[PDB]
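S.K.: Line order of the protein sequences matches chains A and B. Numbering-wise, my numbering comes out as the position in the first sequence, counting from 1, plus 916. Numbering-wise, my numbering comes out as the position in the second sequence, counting from 1, plus 21. Where is the CB? At the ideal position from N, CA and C, for every residue including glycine.
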Amino acid sequence: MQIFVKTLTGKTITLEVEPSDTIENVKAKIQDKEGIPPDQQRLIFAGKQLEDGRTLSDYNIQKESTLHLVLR
Amino acid sequence: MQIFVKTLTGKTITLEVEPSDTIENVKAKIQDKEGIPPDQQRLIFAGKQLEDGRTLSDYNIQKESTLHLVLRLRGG
């Protein structure tokens, strides 16, 4: 799966993810690409913030979806 | 400071919050009390939906305010 991760601050990155991927894991993925540590980041999908435990699919995140990064 | 959350059954509970607590931290106390996961919650104050990254002070939520718990039926 290919998901897009927009940093509220403009630009959209791409992440090749697996459906079973936990948000916690996609954060560790955004760490490598943006340098912000997982505990300092906040991912929003369609209005809501997703918790680290649940996986991408638990929030029905399909292919080519845009995610939003917010710095806490 | 103590504040109230009107729950699903329209009942009212009290929470011990600090002015600098964010909406995120609030929801989790609300999870403790009502068992509702933080992702299924929607808090409404003054007929408005508050977001996770703001603190209570950002809403000028004073002592003894009464927020509302709404269960998220869906969304994405």
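Restricting to Cα atoms, I'd like to know which of B:51, B:42 and B:36 is closest to residue 81 (chain B).
M.R.: Working through the second sequence from its first residue, we reach residue 81 (chain B) at position 60. Nearest C-alpha to residue 81 (chain B): B:42.
S.K.: Considering just the uninterrupted stretch of the beta strand (DSSP E) at residue 26 (chain B), what are its terminal residues?
M.R.: To locate residue 26 (chain B), count along the second sequence from 1; it is residue 5. From DSSP, the beta strand (DSSP E) with residue 26 (chain B) extends over 23–27.
S.K.: DSSP has residue 124 (chain B) in a bridge; who is on the other side?
M.R.: Only positions 22 to 97 of chain B appear in this structure, which leaves residue 124 (chain B) out of reach.
S.K.: Specify, as a first and last residue, the run of the beta strand (DSSP E) that residue 62 (chain B) falls within.
M.R.: Taking the second sequence and counting its residues from 1, the one referred to as residue 62 (chain B) is at position 41. Residues 62–66.
S.K.: Nearest to residue 974 (chain A) by CA position, among A:981, A:966 and A:980, is which residue?
M.R.: The residue you call residue 974 (chain A) lines up with position 58 of the first sequence. Among A:981, A:966 and A:980, the Cα nearest to that of residue 974 (chain A) belongs to A:966.
S.K.: Is residue 90 (chain B) near residue 64 (chain B), with beta carbons less than 9 Å apart?
M.R.: Counting from 1 along the second sequence, the entry for residue 90 (chain B) is found at position 69. Counting from 1 along the second sequence, the entry for residue 64 (chain B) is found at position 43. Yes; because the gap between Cβ atoms is below 9 Å, this pair is in contact.
S.K.: Would a check of beta-carbon distances place residue 55 (chain B) closer than 9 Å to chain A?
M.R.: The sequence position of residue 55 (chain B) within the second sequence is 34, counting from 1. No, because no Cβ of chain A sits closer than 9 Å to the Cβ of residue 55 (chain B).
S.K.: Counting along the chain, where does the beta strand (DSSP E) carrying residue 57 (chain B) start and finish?
M.R.: Stepping through the second sequence from its first residue, residue 57 (chain B) is reached at position 36. Element bounds for residue 57 (chain B): n/a, residue is neither H nor E.
S.K.: Can you pull out the residues from the segment 958–973 of chain A whose beta carbon lies closer than 8 Å to at least one beta carbon of chain B?
M.R.: 958, 961, 962, 963, 964, 965, 966, 967 and 970
S.K.: In the DSSP assignment, find the unbroken beta strand (DSSP E) run with residue 91 (chain B) in it and report its ends.
M.R.: For the purposes of this step, residue 91 (chain B) is taken as residue 70 along the second sequence, with counting starting at 1. First-last of the beta strand (DSSP E) with residue 91 (chain B): 87–92.
S.K.: Run through chain A and tell me which residues come within less than 7 Å of residue 59 (chain B), C-beta to C-beta.
M.R.: On the second sequence, position 38 is the one that residue 59 (chain B) refers to. Under the 7 Å cutoff, chain A gives 967.
S.K.: Considering only residues of the same chain and omitting the five flanking positions on each side of residue 88 (chain B), which have a CB-CB separation below 6 Å?
M.R.: Taking the second sequence and counting its residues from 1, one reaches residue 88 (chain B) at position 67. Excluding residues within five positions, the ones whose Cβ falls inside 6 Å are 26, 64 and 66.
S.K.: At a CB-CB cut-off below 8 Å, which residues of chain A make contact with residue 97 (chain B)?
M.R.: Working through the second sequence from its first residue, we reach residue 97 (chain B) at position 76. Result: 961, 962, 963, 964, 975 and 976.
S.K.: List the residues of chain B that residue 986 (chain A) touches, going by C-beta distances under 8 Å, in chain order.
M.R.: One-based indexing of the first sequence puts residue 986 (chain A) at position 70. From the beta-carbon of residue 986 (chain A), the residues of chain B found nearer than 8 Å are 74.
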